[PDB]
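Chemist: Coordinates in query_31.csv, CSV, N, CA and C atoms, are listed below.
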chain,number,residue,atom,x,y,z
A,165,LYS,N,18.5,5.5,14.7
A,165,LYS,CA,19.0,5.9,13.3
A,165,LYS,C,20.0,4.7,12.9
A,166,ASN,N,19.9,4.4,11.6
A,166,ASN,CA,20.7,3.4,10.9
A,166,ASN,C,20.9,3.8,9.5
A,167,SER,N,22.1,3.7,9.0
A,167,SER,CA,22.5,4.2,7.7
A,167,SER,C,23.4,3.2,6.9
A,168,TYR,N,23.1,3.1,5.6
A,168,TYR,CA,23.9,2.3,4.7
A,168,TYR,C,24.3,3.1,3.4
A,169,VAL,N,25.6,3.1,3.1
A,169,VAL,CA,26.1,3.7,1.9
A,169,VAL,C,26.2,2.5,0.8
A,170,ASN,N,25.6,2.8,-0.3
A,170,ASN,CA,25.7,1.9,-1.5
A,170,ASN,C,27.1,1.9,-2.0
A,171,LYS,N,27.8,0.8,-1.9
A,171,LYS,CA,29.2,0.6,-2.3
A,171,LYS,C,29.3,-0.6,-3.3
A,172,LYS,N,28.1,-1.1,-3.8
A,172,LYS,CA,28.0,-2.2,-4.8
A,172,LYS,C,28.2,-1.8,-6.2
A,173,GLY,N,28.2,-0.5,-6.5
A,173,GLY,CA,28.3,0.1,-7.9
A,173,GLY,C,27.1,-0.1,-8.7
A,174,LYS,N,26.0,-0.6,-8.1
A,174,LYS,CA,24.7,-1.1,-8.7
A,174,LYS,C,23.6,-0.6,-7.9
A,175,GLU,N,22.4,-0.4,-8.5
A,175,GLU,CA,21.2,0.1,-7.9
A,175,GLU,C,20.6,-0.8,-6.8
A,176,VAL,N,20.9,-0.4,-5.6
A,176,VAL,CA,20.4,-1.2,-4.4
A,176,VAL,C,19.0,-0.9,-4.0
A,177,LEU,N,18.1,-1.9,-4.4
A,177,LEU,CA,16.7,-1.8,-4.1
A,177,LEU,C,16.4,-2.2,-2.6
A,178,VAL,N,16.0,-1.2,-1.8
A,178,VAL,CA,15.7,-1.4,-0.4
A,178,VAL,C,14.1,-1.4,-0.2
A,179,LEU,N,13.6,-2.3,0.6
A,179,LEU,CA,12.2,-2.5,1.0
A,179,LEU,C,12.1,-2.3,2.5
A,180,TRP,N,11.0,-1.7,2.9
A,180,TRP,CA,10.6,-1.5,4.3
A,180,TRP,C,9.1,-1.4,4.4
A,181,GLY,N,8.5,-2.0,5.5
A,181,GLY,CA,7.1,-1.8,5.8
A,181,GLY,C,7.0,-0.6,6.9
A,182,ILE,N,5.7,-0.2,7.2
A,182,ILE,CA,5.4,0.7,8.2
A,182,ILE,C,4.1,0.2,8.9
A,183,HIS,N,4.2,-0.1,10.2
A,183,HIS,CA,3.1,-0.6,11.0
A,183,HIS,C,2.0,0.5,11.3
A,184,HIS,N,0.8,0.0,11.3
A,184,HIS,CA,-0.4,0.8,11.6
A,184,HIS,C,-1.3,0.0,12.5
A,185,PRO,N,-1.4,0.3,13.8
A,185,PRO,CA,-2.2,-0.4,14.8
A,185,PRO,C,-3.7,-0.3,14.5
A,186,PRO,N,-4.6,-1.2,15.0
A,186,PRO,CA,-6.0,-1.0,15.1
A,186,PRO,C,-6.4,-0.2,16.3
A,187,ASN,N,-5.6,0.0,17.3
A,187,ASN,CA,-5.8,0.6,18.6
A,187,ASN,C,-4.5,1.2,19.2
A,188,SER,N,-4.7,2.3,20.0
A,188,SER,CA,-3.7,3.0,20.8
A,188,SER,C,-3.0,2.2,21.9
A,189,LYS,N,-3.6,1.1,22.4
A,189,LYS,CA,-3.0,0.2,23.4
A,189,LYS,C,-1.8,-0.6,22.8
A,190,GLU,N,-2.0,-1.1,21.5
A,190,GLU,CA,-1.0,-1.8,20.8
A,190,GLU,C,0.2,-1.0,20.4
A,191,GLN,N,0.0,0.3,20.1
A,191,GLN,CA,1.0,1.4,19.8
A,191,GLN,C,2.0,1.6,21.0
A,192,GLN,N,1.4,1.6,22.2
A,192,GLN,CA,2.2,1.7,23.5
A,192,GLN,C,2.9,0.3,23.8
A,193,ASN,N,2.2,-0.8,23.6
A,193,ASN,CA,2.7,-2.1,23.9
A,193,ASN,C,3.9,-2.5,23.1
A,194,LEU,N,4.0,-2.2,21.8
A,194,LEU,CA,5.0,-2.6,20.9
A,194,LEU,C,6.0,-1.5,20.5
A,195,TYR,N,5.8,-0.2,20.8
A,195,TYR,CA,6.6,0.9,20.3
A,195,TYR,C,6.9,2.0,21.3
A,196,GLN,N,6.3,1.9,22.6
A,196,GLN,CA,6.4,2.9,23.7
A,196,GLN,C,5.8,4.3,23.4
A,197,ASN,N,6.0,4.8,22.2
A,197,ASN,CA,5.7,6.2,21.8
A,197,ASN,C,4.3,6.2,21.1
A,198,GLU,N,3.4,7.0,21.5
A,198,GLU,CA,2.0,7.1,20.9
A,198,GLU,C,2.1,7.8,19.6
A,199,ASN,N,2.7,8.9,19.6
A,199,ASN,CA,3.1,9.7,18.3
A,199,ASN,C,4.5,9.2,17.9
A,200,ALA,N,4.5,7.9,17.4
A,200,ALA,CA,5.7,7.4,16.7
A,200,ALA,C,5.7,7.9,15.2
A,201,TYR,N,6.8,7.8,14.6
A,201,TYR,CA,7.0,8.1,13.2
A,201,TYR,C,8.3,7.3,12.7
A,202,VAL,N,8.4,7.3,11.3
A,202,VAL,CA,9.6,6.9,10.6
A,202,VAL,C,9.9,7.9,9.6
A,203,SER,N,11.2,8.1,9.2
A,203,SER,CA,11.6,8.9,8.1
A,203,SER,C,12.8,8.2,7.4
A,204,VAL,N,12.6,7.9,6.1
A,204,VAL,CA,13.6,7.3,5.2
A,204,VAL,C,13.9,8.3,4.1
A,205,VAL,N,15.2,8.6,3.9
A,205,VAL,CA,15.7,9.6,3.1
A,205,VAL,C,17.0,9.2,2.4
A,206,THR,N,17.2,9.8,1.2
A,206,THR,CA,18.5,9.6,0.5
A,206,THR,C,18.9,11.0,-0.1
A,207,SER,N,19.9,11.1,-1.0
A,207,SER,CA,20.3,12.3,-1.7
A,207,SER,C,19.2,13.0,-2.5
A,208,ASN,N,18.3,12.2,-3.1
A,208,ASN,CA,17.2,12.7,-3.9
A,208,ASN,C,15.8,12.1,-3.5
A,209,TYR,N,15.8,11.5,-2.3
A,209,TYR,CA,14.5,11.0,-1.7
A,209,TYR,C,14.4,11.7,-0.3
A,210,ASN,N,13.1,12.0,0.0
A,210,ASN,CA,12.7,12.6,1.3
A,210,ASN,C,11.3,12.2,1.6
A,211,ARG,N,11.1,11.4,2.7
A,211,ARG,CA,9.7,11.0,3.1
A,211,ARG,C,9.7,10.9,4.7
A,212,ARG,N,8.6,11.3,5.2
A,212,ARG,CA,8.2,11.0,6.6
A,212,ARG,C,6.9,10.2,6.5
A,213,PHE,N,6.8,9.1,7.4
A,213,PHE,CA,5.7,8.2,7.6
A,213,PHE,C,5.2,8.3,9.0
A,214,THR,N,3.9,8.4,9.2
A,214,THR,CA,3.3,8.5,10.5
A,214,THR,C,2.1,7.4,10.6
A,215,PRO,N,2.2,6.5,11.6
A,215,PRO,CA,1.1,5.6,11.9
A,215,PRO,C,-0.3,6.2,12.1
A,216,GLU,N,-1.2,5.7,11.2
A,216,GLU,CA,-2.6,6.0,11.2
A,216,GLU,C,-3.3,4.9,12.0
A,217,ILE,N,-3.7,5.3,13.3
A,217,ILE,CA,-4.4,4.4,14.2
A,217,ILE,C,-5.9,4.6,14.1
A,218,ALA,N,-6.6,3.5,13.8
A,218,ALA,CA,-8.1,3.5,13.7
A,218,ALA,C,-8.5,2.0,13.5
B,56,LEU,N,18.4,27.7,-23.9
B,56,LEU,CA,18.7,27.6,-22.4
B,56,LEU,C,20.2,27.3,-22.1
B,57,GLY,N,20.9,26.7,-23.1
B,57,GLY,CA,22.3,26.6,-23.1
B,57,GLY,C,22.8,25.7,-21.9
B,58,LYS,N,23.7,26.2,-21.1
B,58,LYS,CA,24.2,25.6,-19.8
B,58,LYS,C,23.1,25.3,-18.7
B,59,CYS,N,21.9,25.9,-18.9
B,59,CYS,CA,20.8,25.7,-18.0
B,59,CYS,C,19.7,24.8,-18.6
B,60,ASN,N,18.8,24.3,-17.7
B,60,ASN,CA,17.5,23.7,-18.1
B,60,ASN,C,16.4,24.6,-17.7
B,61,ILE,N,15.1,24.1,-17.9
B,61,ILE,CA,13.8,24.7,-17.6
B,61,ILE,C,13.7,25.2,-16.1
B,62,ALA,N,14.1,24.3,-15.2
B,62,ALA,CA,14.0,24.6,-13.7
B,62,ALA,C,14.9,25.7,-13.2
B,63,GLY,N,16.1,25.9,-13.8
B,63,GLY,CA,17.0,26.9,-13.4
B,63,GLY,C,16.6,28.3,-14.0
B,64,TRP,N,16.0,28.3,-15.2
B,64,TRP,CA,15.4,29.5,-15.8
B,64,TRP,C,14.1,30.0,-15.0
B,65,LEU,N,13.2,29.1,-14.7
B,65,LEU,CA,11.9,29.4,-14.1
B,65,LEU,C,12.1,29.8,-12.6
B,66,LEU,N,13.0,29.1,-11.8
B,66,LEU,CA,13.3,29.5,-10.4
B,66,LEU,C,14.2,30.8,-10.4
B,67,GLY,N,14.9,31.0,-11.4
B,67,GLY,CA,15.8,32.2,-11.6
B,67,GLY,C,17.1,31.9,-10.8
B,68,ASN,N,17.7,30.7,-11.0
B,68,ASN,CA,19.1,30.3,-10.5
B,68,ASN,C,20.1,31.4,-11.0
B,69,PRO,N,21.0,31.8,-10.1
B,69,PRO,CA,22.0,32.8,-10.5
B,69,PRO,C,22.9,32.5,-11.7
B,70,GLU,N,23.1,31.3,-12.0
B,70,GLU,CA,23.9,30.8,-13.2
B,70,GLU,C,23.0,30.9,-14.5
B,71,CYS,N,21.7,31.3,-14.4
B,71,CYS,CA,20.7,31.3,-15.5
B,71,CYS,C,20.1,32.8,-15.6
B,72,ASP,N,20.8,33.8,-15.0
B,72,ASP,CA,20.4,35.2,-15.1
B,72,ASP,C,20.4,35.8,-16.6
B,73,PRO,N,21.2,35.3,-17.5
B,73,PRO,CA,21.1,35.7,-19.0
B,73,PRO,C,19.8,35.2,-19.7
B,74,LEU,N,19.0,34.3,-19.0
B,74,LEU,CA,17.8,33.8,-19.6
B,74,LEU,C,16.5,34.5,-19.0
B,75,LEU,N,16.7,35.2,-17.9
B,75,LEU,CA,15.6,35.9,-17.2
B,75,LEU,C,15.0,37.1,-18.0
B,76,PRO,N,15.6,37.8,-18.9
B,76,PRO,CA,15.0,38.8,-19.7
B,76,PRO,C,14.3,38.3,-21.0
B,77,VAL,N,14.4,37.0,-21.3
B,77,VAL,CA,13.8,36.4,-22.5
B,77,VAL,C,12.2,36.3,-22.4
B,78,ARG,N,11.5,37.2,-23.1
B,78,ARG,CA,10.1,37.3,-23.1
B,78,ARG,C,9.4,36.3,-24.0
B,79,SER,N,9.9,36.1,-25.2
B,79,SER,CA,9.2,35.3,-26.3
B,79,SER,C,10.1,34.4,-27.1
B,80,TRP,N,9.5,33.4,-27.7
B,80,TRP,CA,10.2,32.4,-28.5
B,80,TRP,C,9.2,31.7,-29.5
B,81,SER,N,9.8,31.0,-30.5
B,81,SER,CA,9.0,30.1,-31.4
B,81,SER,C,9.1,28.7,-31.0
B,82,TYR,N,10.2,28.3,-30.3
B,82,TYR,CA,10.4,27.0,-29.7
B,82,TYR,C,11.5,27.1,-28.6
B,83,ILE,N,11.6,26.1,-27.7
B,83,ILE,CA,12.6,26.1,-26.6
B,83,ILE,C,13.6,25.0,-26.9
B,84,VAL,N,14.9,25.3,-26.6
B,84,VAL,CA,16.0,24.4,-26.9
B,84,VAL,C,16.8,24.3,-25.6
B,85,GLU,N,17.2,23.0,-25.3
B,85,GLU,CA,18.2,22.7,-24.3
B,85,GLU,C,19.4,22.0,-25.1
B,86,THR,N,20.5,21.7,-24.4
B,86,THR,CA,21.7,21.0,-24.8
B,86,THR,C,21.9,19.8,-24.0
B,87,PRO,N,22.8,18.9,-24.4
B,87,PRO,CA,23.3,17.7,-23.6
B,87,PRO,C,23.9,18.1,-22.2
B,88,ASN,N,24.4,19.3,-22.1
B,88,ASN,CA,24.9,19.9,-20.8
B,88,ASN,C,24.1,21.0,-20.3
B,89,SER,N,22.8,20.7,-20.1
B,89,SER,CA,21.8,21.6,-19.4
B,89,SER,C,21.7,21.3,-17.9
B,90,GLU,N,22.8,21.4,-17.2
B,90,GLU,CA,22.9,21.0,-15.8
B,90,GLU,C,22.5,22.0,-14.7
B,91,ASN,N,22.6,23.3,-15.1
B,91,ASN,CA,22.2,24.4,-14.1
B,91,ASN,C,20.7,24.5,-14.0
B,92,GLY,N,20.1,23.8,-13.1
B,92,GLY,CA,18.7,23.7,-12.8
B,92,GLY,C,18.5,24.2,-11.4
B,93,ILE,N,17.9,23.3,-10.6
B,93,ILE,CA,17.8,23.4,-9.1
B,93,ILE,C,19.2,23.5,-8.5
B,94,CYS,N,19.5,24.6,-7.8
B,94,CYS,CA,20.8,24.9,-7.2
B,94,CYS,C,20.8,24.7,-5.7
B,95,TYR,N,19.7,24.1,-5.1
B,95,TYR,CA,19.7,23.7,-3.7
B,95,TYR,C,18.8,22.4,-3.7
B,96,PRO,N,19.2,21.3,-3.1
B,96,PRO,CA,18.6,20.0,-3.3
B,96,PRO,C,17.2,19.9,-2.7
B,97,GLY,N,16.4,18.9,-3.2
B,97,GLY,CA,15.0,18.7,-2.9
B,97,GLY,C,14.4,18.0,-4.1
B,98,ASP,N,13.2,18.4,-4.4
B,98,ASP,CA,12.4,17.9,-5.6
B,98,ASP,C,11.6,19.1,-6.1
B,99,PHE,N,11.3,19.0,-7.4
B,99,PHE,CA,10.3,19.9,-8.1
B,99,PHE,C,9.1,19.1,-8.4
B,100,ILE,N,8.0,19.4,-7.6
B,100,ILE,CA,6.7,18.8,-7.7
B,100,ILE,C,6.0,19.2,-9.0
B,101,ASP,N,5.6,18.1,-9.8
B,101,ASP,CA,4.9,18.2,-11.1
B,101,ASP,C,5.8,18.9,-12.1
B,102,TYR,N,7.1,18.7,-12.1
B,102,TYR,CA,8.1,19.2,-13.1
B,102,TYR,C,7.7,18.8,-14.6
B,103,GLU,N,7.3,17.5,-14.7
B,103,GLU,CA,7.0,16.9,-16.0
B,103,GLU,C,5.7,17.6,-16.6
B,104,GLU,N,4.8,18.0,-15.8
B,104,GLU,CA,3.6,18.8,-16.2
B,104,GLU,C,4.0,20.2,-16.5
B,105,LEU,N,4.9,20.8,-15.8
B,105,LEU,CA,5.3,22.2,-15.9
B,105,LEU,C,6.0,22.5,-17.3
B,106,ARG,N,6.9,21.7,-17.7
B,106,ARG,CA,7.5,21.7,-19.0
B,106,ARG,C,6.5,21.4,-20.2
B,107,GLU,N,5.4,20.7,-19.8
B,107,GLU,CA,4.3,20.4,-20.8
B,107,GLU,C,3.4,21.6,-20.9
B,108,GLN,N,3.2,22.3,-19.8
B,108,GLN,CA,2.5,23.6,-19.9
B,108,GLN,C,3.3,24.6,-20.8
B,109,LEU,N,4.6,24.7,-20.5
B,109,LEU,CA,5.5,25.6,-21.2
B,109,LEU,C,5.7,25.3,-22.7
Could you show the structure in this file as structure tokens?
Modeler:
Amino acid sequence: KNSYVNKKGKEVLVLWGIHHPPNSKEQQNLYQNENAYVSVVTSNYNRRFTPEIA
Amino acid sequence: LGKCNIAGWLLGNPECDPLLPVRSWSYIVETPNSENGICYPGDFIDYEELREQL
């Protein structure tokens, strides 16, 4: 978990990618967890992201 | 709608109980202080379309 409070007084535009392997071997090689996930949320934002392996 | 908006009337927010017996109208009116909407955080899916239906 990692958190940032906007203290700039201005709309802080944050960007992030989400990795999607071609195979389950790379999922274990780079991230340990086969059923990995990410969740990025704010006061009025709520999302969960899950790697589609194929 | 007064102190409430569309979402507080339709979900039946406790602060919008005076609006719950309103059966009919010729047009709908809000004010600049129509803040009593959603009373527990999250999102209203297809809100923009729901007020367009109404």
Chemist: Please report, as a tab-separated table, each residue of chain B lying at most 8 Å from chain A, together with the nearest pair of atoms and the separation in Å rounded to one decimal; use all atoms listed in the file, and order rows by chain and ascending residue number.
Modeler:
residue	atom	partner	partner_atom	distance
B:96	CA	A:207	C	7.1
B:97	C	A:208	CA	6.0
B:98	N	A:208	C	6.9
Chemist: Please return, as an mmCIF file with N, CA and C atoms, keeping the file's coordinate frame, all residues of chain A that DSSP assigns to strand (DSSP E) on the basis of the backbone.
Modeler:
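The file below, out37.cif, is the result:
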data_model
loop_
_atom_site.group_PDB
_atom_site.id
_atom_site.type_symbol
_atom_site.label_atom_id
_atom_site.label_comp_id
_atom_site.auth_asym_id
_atom_site.auth_seq_id
_atom_site.Cartn_x
_atom_site.Cartn_y
_atom_site.Cartn_z
ATOM 1 N N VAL A 202 8.400 7.300 11.300
ATOM 2 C CA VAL A 202 9.600 6.900 10.600
ATOM 3 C C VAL A 202 9.900 7.900 9.600
ATOM 4 N N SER A 203 11.200 8.100 9.200
ATOM 5 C CA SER A 203 11.600 8.900 8.100
ATOM 6 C C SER A 203 12.800 8.200 7.400
ATOM 7 N N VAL A 204 12.600 7.900 6.100
ATOM 8 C CA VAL A 204 13.600 7.300 5.200
ATOM 9 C C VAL A 204 13.900 8.300 4.100
ATOM 10 N N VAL A 205 15.200 8.600 3.900
ATOM 11 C CA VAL A 205 15.700 9.600 3.100
ATOM 12 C C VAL A 205 17.000 9.200 2.400
ATOM 13 N N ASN A 210 13.100 12.000 0.000
ATOM 14 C CA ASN A 210 12.700 12.600 1.300
ATOM 15 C C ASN A 210 11.300 12.200 1.600
ATOM 16 N N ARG A 211 11.100 11.400 2.700
ATOM 17 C CA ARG A 211 9.700 11.000 3.100
ATOM 18 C C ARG A 211 9.700 10.900 4.700
ATOM 19 N N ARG A 212 8.600 11.300 5.200
ATOM 20 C CA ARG A 212 8.200 11.000 6.600
ATOM 21 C C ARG A 212 6.900 10.200 6.500
ATOM 22 N N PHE A 213 6.800 9.100 7.400
ATOM 23 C CA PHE A 213 5.700 8.200 7.600
ATOM 24 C C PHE A 213 5.200 8.300 9.000
#
Chemist: Can you tell me, as a CSV table (one decimal) with N, CA and C atoms, in the frame of the given file, what residues are no more than 6 Å from residue A:203 when counting all atoms listed in the file, ignoring any on the same chain fewer than 6 positions away?
Modeler:
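The result, stored in out03.csv:
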chain,number,residue,atom,x,y,z
A,211,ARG,N,11.1,11.4,2.7
A,211,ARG,CA,9.7,11.0,3.1
A,211,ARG,C,9.7,10.9,4.7
A,212,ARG,N,8.6,11.3,5.2
A,212,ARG,CA,8.2,11.0,6.6
A,212,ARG,C,6.9,10.2,6.5
A,213,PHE,N,6.8,9.1,7.4
A,213,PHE,CA,5.7,8.2,7.6
A,213,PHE,C,5.2,8.3,9.0
Chemist: Excluding same-chain residues fewer than 6 positions from residue B:90, what lies within 8 Å of it counting all atoms listed in the file, as a count of residues only?
Modeler: 5
Chemist: Report, in Å with one decimal, the straight-line distance from atom N of residue B:92 to atom C of residue B:62.
Modeler: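 Distance between the two atoms: 5.5 Å.
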Chemist: Could you name the residues that touch residue B:75 at 8 Å or less, counting all atoms listed in the file, but leaving out those on the same chain fewer than 5 positions away, as an MDAnalysis selection string?
Modeler: chainID B and resid 63:65 67
Chemist: Give the answer as one residue: which of A:205, A:175, A:186, A:194 has the shortest atom-to-atom distance to residue A:218, using all atoms listed in the file?
Modeler: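 Among A:205, A:175, A:186, A:194, it is A:186 that comes nearest to residue A:218.
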Chemist: Apply DSSP to the structure's backbone, then extract all residues of chain A labelled helix (DSSP H, G or I) and return them as a count of residues only.
Modeler: 8
Chemist: How many Å lie between atom C of residue A:206 and atom C of residue A:182, rounded to one decimal?
Modeler: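 Taking atom C of residue A:206 as the start and atom C of residue A:182 as the end point, the length is 20.4 Å.
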Chemist: Quick one, how far is atom CA of residue B:71 from atom CA of residue B:56?
Modeler: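 Taking atom CA of residue B:71 as the start and atom CA of residue B:56 as the end point, the length is 8.1 Å.
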Chemist: Excluding residue A:200 and any residue of its chain fewer than 3 positions from it, enumerate the residues within 8 Å of it, using only C-alpha atoms, and give them as JSON, numbers by chain.
Modeler: {"A": [195, 197, 214, 215]}
Chemist: Could you check the closest approach to residue A:217 for each of A:193, A:173, A:202, A:184 and tell me which residue wins, using only N, CA and C atoms?
Modeler: A:184
